[PDB]
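What follows is a short report on a single structure.
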Amino acid sequence: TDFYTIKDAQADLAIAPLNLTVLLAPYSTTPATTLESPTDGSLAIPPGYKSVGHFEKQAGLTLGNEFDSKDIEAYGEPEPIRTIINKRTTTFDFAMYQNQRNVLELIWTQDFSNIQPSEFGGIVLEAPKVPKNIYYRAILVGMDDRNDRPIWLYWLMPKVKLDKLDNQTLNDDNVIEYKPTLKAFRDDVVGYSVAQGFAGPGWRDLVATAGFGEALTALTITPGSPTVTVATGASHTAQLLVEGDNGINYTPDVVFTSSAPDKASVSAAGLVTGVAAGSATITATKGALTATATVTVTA
Amino acid sequence: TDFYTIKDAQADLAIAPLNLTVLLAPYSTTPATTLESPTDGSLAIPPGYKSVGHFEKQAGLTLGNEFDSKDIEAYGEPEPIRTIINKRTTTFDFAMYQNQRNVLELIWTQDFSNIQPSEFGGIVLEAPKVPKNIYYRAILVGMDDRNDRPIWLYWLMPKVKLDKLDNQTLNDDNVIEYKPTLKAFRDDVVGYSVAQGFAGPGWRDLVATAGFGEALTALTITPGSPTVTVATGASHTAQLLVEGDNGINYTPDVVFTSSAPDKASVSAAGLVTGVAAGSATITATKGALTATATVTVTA
Amino acid sequence: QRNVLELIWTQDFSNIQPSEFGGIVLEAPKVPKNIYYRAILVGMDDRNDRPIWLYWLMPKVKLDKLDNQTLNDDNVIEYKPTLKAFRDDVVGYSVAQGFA
Amino acid sequence: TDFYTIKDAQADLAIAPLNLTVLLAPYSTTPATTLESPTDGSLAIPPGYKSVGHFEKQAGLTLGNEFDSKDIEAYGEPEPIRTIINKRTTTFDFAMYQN
Amino acid sequence: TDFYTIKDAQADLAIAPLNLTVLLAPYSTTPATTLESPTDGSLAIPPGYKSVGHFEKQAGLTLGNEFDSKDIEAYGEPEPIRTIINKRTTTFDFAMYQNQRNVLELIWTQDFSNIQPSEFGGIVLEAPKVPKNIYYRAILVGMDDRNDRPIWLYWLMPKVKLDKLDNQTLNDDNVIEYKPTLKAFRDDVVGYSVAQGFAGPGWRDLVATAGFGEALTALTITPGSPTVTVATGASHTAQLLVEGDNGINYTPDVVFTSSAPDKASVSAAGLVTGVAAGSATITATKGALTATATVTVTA
């Protein structure tokens, strides 16, 4: 075993947030638990979350983490006999561009839903007497679109509050920027303050390599012997489902090939439609792994 | 004695970590005591240690050392009559690239071995309600591969814990980096917090120059005068071993020459195989020093 | 080399035996040790083939500080200690400057 | 197989822009998707595109392409482990005569 | 020894790339290891490599080599005690005339294999929204065809990528040119980024002079004393082979002269056909060196 083998470096596991969006929801919104849709695994934002829009490129988004802890020191022990970690405080800050209601509500710690535009559309937003403690649910989701198979990496912060506001500079060659720092708090119902997520087909290519779950070694077609009616109806067509030994649905990632296309027609997705009666073999190919199913068609 | 002779400068003793890898193991792993394999001296990582993969080039890896000490001051003494050094605190930090399970477990102070990928491969990693005190065993091993004889310089830290986490910045032209600072703690069983190691044939060229042990002046062939059977069997072949006065095995670094190749065949590694009966002399040459052995072959 | 590593790790490594293949492991001591050294800093100004040797004698020095060690793939490893001079009673000084 | 067969040079695939015209349209115009007429394959310019007319022969028309990219550098790797190309900037310049 | 003898100038070792071709292959192609056919030493391009066609004569082809290195400076040492060379960057640029699919795919960093010509043959090639990192395998092979014995000088670059595109100028008296700069990258599988090769009978005349291998001093006929049946069959004809002391097959470079043509006929290639039974001598002569063999023909 040489040095390179020991290093076991995986360049594909480096993920770049080529695009990024911040979504805020009012505290009454049900918090997101995952961004992966249970239907097809696509990106699914729960209702109530609204994007803040464009933010400054060069500032980007900075995520902060600090630990406050206390060491229990015993006589004659150079190192603490016990370290008590109180909490982990997560913050994130960014420079928003868009002058929309949710951004301004965040900046001024106020609810502006009752603000009615004037008879010519003008609005005036008064800062409240006392700044209010307003909590939001936050999603920070980024995309690494590589080889047409995107990776969505995201952070879920169910309870965030405005913590700090950077100085706002007006220049005649720049747009106005709002630069809040948001602090994450633990939400009791969901039981965490920050969660990090990975999703997307590009991630599905990497989950086993990243060390989550087990690797894919066998492909299984759950409708092993389906039957499709020649005549039109509910049972005329059948949708296949290809899984693995690790329990991951690999149906989008496989190539569907039929034995006799005339007898039973299968699409790229894997929907088997029986044009004519007979027997057809449907083979799903992904790399060197193969799952084969046989379909009987009746008229 | 001129200035140059007094300086006694050895450029070859300057070692460059041209490549570097960080390996972490769960605290239940048996700690590494050496990276040098007892079989052939090759680099040998104990099971349970896993590389974190690629890390940032420009940041590199920074090793910190802090001494905390107290001085006992006596009346009329400008200098302390006694200095009590409590401990030496060793830290190291680096910027990891790969979104692997072990890296994310380190940064979030959590065990994610029970995290199951969703049907489409997505994972959500929740930060624990309270950060946990998790210890790891760490190996930092670097390679100076020069003249095709590598030097492995390494640090063994049997008990490391996450101490600090640098701010994480998301930029649309960069990958996401994790920048932990790890603090070494004394492991009671192995009896140290940090150990520095050197290994490899390139190091073996330099051990005497570096002042460890004594210099090599004589070469000895430990088998001496063996006998190999012409017929095929367990005792048909004999493996030689070449040592020095300092007790260092120099077998990989010597040139094996046989007197009569037909009588007894010797490879580069020094394995004597008796093709035909007779008397053959096997000479191992390294630089200006040599060792001669005579092998009698019987049929 | 051994003397540099002994200085940085505040340990005596004279008993460290290289392994069968020459490898060595240097463990940091459980408690850092107070180790004193005698130091000579001698420089040379070679001008017109008639050199000048300027030197400092520090009979009792001890490791005082160790700077952060950075590993870069385009540089050699550096050890950056700060040594503090102490008065040696027998010779009666902590620092002497010499010219020869 | 000799060198000439391997080279497989096709002189007829070298195309000389003997005549050239630049047409501009206001942004409200529907963009052209192809210049080939679907009926008989002849040249078909969509409405709204207007030629700028004659331009200087010697200057010709210059087409520029620049890439902006950032290299991700890992420790111990001489070459980047990933190159992020931001965009490809295309420019063209020419010297118009007509007022 | 005079100055002329010391200089030892060999004009025939100067090679002019009178003709030159650039072949590109998709990264999925198996990289070329050599261009010399193992059968008869002729020039052999692996499948998947396609020539870009004609390129501009005056610009030619330019090969660049850049070293990046760092010097380790020690106090009191005017020169570095160690120089760490990171890599050698090889580039090449040339100006292509032909508006082929592979050329346009290269310049636009896109795959155009799915582009379908319209009903009248027209094609539209859209530049991708984001430029893609596409690697190719490259062969630059030139020919010096002098004295009817060609020399093939070539460069193998298994992993090349578009690095730069020069300004494209449209003129009414010139064809349109594409001027890419390609950068060679190290291919892990084959273990290099650039390899330079020499092949051909003209090279074979110069291999010993160029200092590779040893000089040719003896010619040897490997078959020795063969026997051919007069009757037609599989064993009716035997193909000879002439070698040298350096291990180079000199069969194309030798002249076959038979003793009795009626007994055994030998062609220029050295194929021995026994027309009538008897004993014949086959002599292959090259310059002042010769090799003789005797063939016994039976009916």
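For peptide B:14-27, what's the mean number of Cβ atoms from other chains within 10 Å of each residue's Cβ?
Taking the mean over all residues of the peptide, I get 5.
Give me, ordered by chain and number, the residues 5 or more places off B:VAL22 or on other chains with an amide H under 5 Å from its own placed amide H.
B:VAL52, B:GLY53
What residue among A:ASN99, A:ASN171, A:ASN249 has the largest mean-square fluctuation in a Gaussian network model of chain A, using Cα springs under 10 Å?
A:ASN171
Which whole number of Å³ per residue matches the convex hull of the alpha-carbon atoms in chain A?
Each residue corresponds to 276 Å³ of Cα convex hull volume.
Taking amide H positions as placed 1.01 Å from N in the peptide plane, with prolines and chain starts having none, which residues 5 or more places from A:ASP166, or on another chain, fall under 5 Å of its amide H?
A:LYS179, A:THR181
Across bins of 20 angstrom width beginning at 0, how are the C-alpha pair distances of the protein assembly as shown distributed, in whole percent?
Computed distribution, short to long bins: 8, 25, 35, 23, 7, 1, 0.
Identify all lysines with a Cα-Cα distance to E:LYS263 below 24 Å; exclude those on the same chain that are fewer than 8 residues away in sequence.
E:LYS286
So what are the ³J(HN,Hα) numbers for the range A:239-251, from phi and the Karplus equation (6.51, -1.76, 1.60; θ = phi - 60°), rounded to whole Hz, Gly and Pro as x?
Coupling constants for the range A:239-251: 9, 8, 9, 10, 10, x, 5, 7, x, 9, 5, 10, 4 Hz.
Which whole number in µm²/s is D for the range B:10-157 by Stokes-Einstein, with the Kirkwood Rh taken over Cα pairs at 10 °C and 1.306 mPa s?
So the translational diffusion coefficient is about 84 µm²/s.
Which order do the peptides A:159-170, E:145-156, D:17-28 come out in when sorted by mean C-beta neighbours inside 10 angstrom, highest first?
So the peptides A:159-170, E:145-156, D:17-28, ranked by packing, come out E:145-156, A:159-170, D:17-28.
In peptide B:61-67, what is the residue-averaged number of other protein chain Cβ atoms found within 10 Å of each Cβ?
6
Hey, can you grab everything whose amide H is under 5 Å from the amide H of E:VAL275? Only 5+ residues off in sequence or another chain; H modelled, so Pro and N-termini drop out.
E:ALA264, E:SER265
What is the range A:147-299's relative contact order, in percent, from Cα pairs under 8 angstrom and six or more apart in sequence?
Worked out over the range A:147-299, it gives 19 percent.
Short version: ³J(HN,Hα) in whole Hz for each residue of the range D:33-49, in order, from phi by Karplus 6.51 cos²θ - 1.76 cosθ + 1.60 (θ = phi - 60°), x for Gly and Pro, what are they?
Coupling constants for the range D:33-49: 9, 7, 9, 8, 5, x, 6, 10, x, 6, 5, 9, 8, x, x, x, 7 Hz.
Between the range D:1-28 and the range B:40-86, what's the alpha-carbon centroid distance in Å?
So the separation of the two Cα centres works out to 66 Å.
Could you list C:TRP53, A:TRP203 so that the one with the fewest beta carbons within 10 Å of its beta carbon is first and the one with the most is last?
Ordered from fewest to most neighbouring Cβ atoms within 10 Å, C:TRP53, A:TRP203 come out as C:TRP53, A:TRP203.
If you bin the C-alpha pair distances of the range E:173-264 every 5 Å from 0, what whole percents do you get?
Bin by bin from 0 Å, the calculated values are 2, 9, 12, 13, 10, 10, 11, 9, 7, 6, 5, 4, 2, 0.
Would you give the gap between the C-alpha center of the range A:150-166 and the C-alpha center of the range E:163-205, rounded to a whole Å?
Computed from Cα coordinates, the inter-centre distance equals 48 Å.
Once you put a point 7 Å from the Cα of B:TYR27 and another 7 Å from the Cα of E:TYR135, both along the Cβ direction, what distance in nm separates them?
About 4.2 nm, to one decimal.
Separation between the E:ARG186 and A:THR220 pseudo-spin-labels, each 7 Å from Cα along Cα→Cβ, expressed in nm?
4.3 nm
Past the 21 Å Cα-Cα mark, which pairs from B:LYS57/E:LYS87; A:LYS87/A:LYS183; B:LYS129/B:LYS161; C:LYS33/C:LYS62; A:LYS50/D:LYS70; B:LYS87/C:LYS62?
Over 21 Å apart, Cα to Cα: A:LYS50/D:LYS70.
Two decimals is fine: what's Rg over Rh for the range B:141-296, C-alpha atoms, Kirkwood radius as Rh?
1.22
Per DSSP H run of n ≥ 4, the term is -39500 (n - 2.57); total these for the protein assembly as shown, divide by its residue number, and report the mean residue ellipticity at 222 nm rounded to 500 deg cm²/dmol.
-1500 deg cm²/dmol
How would you rank B:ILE282, A:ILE84, going from fewest to most other Cβ atoms within 10 Å of each one's own Cβ?
A:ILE84, B:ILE282
What ranking do A:37-45, A:85-93 get when scored by the average of other Cβ atoms within 10 Å per residue, highest first?
A:85-93, A:37-45
Determine the principal axes of the Cα atoms in the range C:16-66, then give the extent along each, sorted from largest to smallest and rounded to whole angstroms.
50, 31, 17
Note: ideal-geometry Cβ built from the backbone for every residue, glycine included; neighbour counts use all protein chains shown. Where a number appears in this text, it was derived from the coordinates with a stated rule and is not lab data.
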